[PDB]
Amino acid sequence: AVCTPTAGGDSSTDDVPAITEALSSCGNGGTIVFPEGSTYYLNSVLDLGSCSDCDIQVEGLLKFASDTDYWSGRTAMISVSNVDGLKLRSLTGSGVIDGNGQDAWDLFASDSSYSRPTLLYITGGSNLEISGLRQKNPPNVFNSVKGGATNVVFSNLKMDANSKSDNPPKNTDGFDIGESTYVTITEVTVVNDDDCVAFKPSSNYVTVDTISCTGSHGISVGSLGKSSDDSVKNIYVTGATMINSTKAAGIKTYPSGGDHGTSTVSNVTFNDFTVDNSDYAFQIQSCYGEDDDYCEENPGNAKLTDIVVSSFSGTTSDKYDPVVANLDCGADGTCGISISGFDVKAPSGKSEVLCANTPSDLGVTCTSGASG
Ligand SMILES: *[C@@H]1O[C@H](CO)[C@@H](O[C@@H]2O[C@H](CO)[C@@H](O)[C@H](O)[C@H]2NC(C)=O)[C@H](O)[C@H]1NC(C)=O
Ligand SMILES: *[C@@H]1O[C@H](CO)[C@@H](O)[C@H](O)[C@H]1NC(C)=O
Ligand SMILES: *[C@H]1O[C@H](CO)[C@@H](O)[C@H](O)[C@@H]1O
């Protein structure tokens, strides 16, 4: 059956109950429709848990309340917990989920203790498809996948976070992919101020194919090792256009000492990247979250194996010219990275790669003085 949630038509009226009742009524194998030209006001967490092989067609605007007191410390704006079989999609392409994040960014700018929710938070479950829609101005992370979710596909998404003030949209990661298997991200555009895609602990079998990121911190493994032994494996990223990003791609691990654990990264390929005014084409950080003196006494021991960086082109920014990559592998770790078709230059035309603890078969000429 097909259900259309009743739109209250006013931002002071929360539409969430109407939406979850529609999902409860039709979500066992049915369809829920937000019609083209509609606006729904979501003034609380939208929990999609009653979905079981359901199809949620978003053709209108779902506008979340900014209500910073309400959202304070909350996990998710849209919560997708242990759902098996979901399609959350715009079939017209007109659907927009607006996180209304401005107030959160401004509050966080003045008070770093302010804790913000993730816009689309998937944990556990299986066979989830998210497609065709725009995500606008999330308070914090756009999309997260964890809890052992399997078979999750994000396709044809337009994601943008733009501040109307001088305070940037901090920590607006496009995709934080944690404990999961068989996640695919394809044909997505991201404009944000943090990681485009971050591979978090226990991510496995992730494919990212054709992505554009502007203003991001790159396609980034980690951070790993903060307080446990963390692994990322079997990752394939191809066709990334990285514009004005701090790095196009990289790996970040904590050093040893304290409560830090060991990081394992195996079989990760970054292929066919276009670098357009990004600060580094590639970066390895092995002293993440600590300083140089700390890392001298507490060396990094990350185990990186079968890391492939292939077919990178373009031009970095002025910032680190002549350096186009900073490969600071840990002193006690394995730095199993191979680079080929690396055609990236700084604006000057130079192409220096800083290295520490890199292997003899790296594939590009190294210069000493890597750090981070
Ligand atoms: C290295 O990682 C890649 C990327 O995940 C693996 O290739 C995937 O394997 C899974 C499971 O068989 C398939 O569902 C996908 O189709 C594959 N993805 C791609 C992009 O090819 C690959 O098997 C891993 N290699 C090793 C030796 O472990
Ligand atoms: C990237 O940065 C340059 C230099 O600041 C700027 O002129 C350009 O508009 C930015 N590009 C995008 C797509 O925002
Ligand atoms: C609820 O109403 C909308 C708009 O009329 C339909 O598109 C949908 O199928 C359901 O009947």
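Residues numbered from 1 in each chain as written, not as in the entry; some residues may be left out. Chains lettered and ligands numbered in written order. Heavy atoms only, no water.

X-ray crystallography is the method the PDB entry states for this structure, with the resolution given as 1.75 Å.

**Q** Before we go on, may I ask you to explain the UniProt feature "repeat: PbH1" in the protein in this structure?
**A** Under the UniProt annotation, the feature "repeat: PbH1" is placed at residues 149-179, 180-223, 232-255, 265-286 and 299-341. Summarising residues 149-179: 0% helix, 48% strand, and an end-to-end C-alpha distance of 7 Å. In residues 299-341, the share of helix is 0% and the share of strand is 65%. The end C-alpha atoms are 31 Å apart. (UniProt positions renumbered as here; feature names shortened; annotations may be inferred. Helix = DSSP H or I, 4+ residues; strand = E, 2+ residues; numbered from the N terminus.)

**Q** Explain the nonpolar core here, please?
**A** Core analysis: the largest hydrophobic core is formed by 93 residues, its most contacted members being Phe154, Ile219, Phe270, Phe282 and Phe312. Residues in contact with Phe154, not counting those within four places in the same chain, are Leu120, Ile122, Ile130, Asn143, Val145, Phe175, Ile177, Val183, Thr184, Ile185, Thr186 and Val188. (Core = buried A, V, L, I, M, F, W, Y, C linked by side-chain atoms within 4.5 Å. Buried < 20%, exposed > 50% of the residue type's maximum accessible area, 1.4 Å probe, protein only. Contact = heavy atoms within 4.5 Å.)

**Q** Would you mind showing me how to read helix α1 (residues 16-26) here?
**A** Helical periodicity: at 3.6 residues per turn, an α-helix aligns residues three or four positions apart in one direction. Those residues of α1 that sit buried are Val16, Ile19, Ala22, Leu23 and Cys26. Looking straight down α1, one finds that the buried residues subtend no more than 130° of arc, so they occupy a single side. Projecting away from the buried face of α1 at angles above 90 degrees are the exposed residues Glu21 and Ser24. On its buried face, α1 is in contact with β1 (2-3), β2 (31-34), β3 (39-42), β4 (46-47) and β5 (54-58). (Arc of directions from axis to C-beta.)

**Q** Please explain the packing of aromatic side chains as it appears in this structure.
**A** Any aromatic ring pair is given by two values, namely how distant the centres are and how the planes are angled relative to each other. Across all of its chains, the model carries 12 aromatic pairs by this definition. Arranged with centres 4.2 Å apart and planes meeting at 5°, the rings of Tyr280 and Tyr320 form a pair that is stacked. Placement of the pair is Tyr280 in strand β23 (residues 280-285) and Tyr320 in the loop between β24 (303-316) and β25 (323-328), with a sequence separation of 40 residues. Accessibility expressed as a relative area gives 7% for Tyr280, which makes it buried. (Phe/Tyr/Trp six-rings, centres within 6.5 Å; stacked < 30°, edge-to-face > 60°.)

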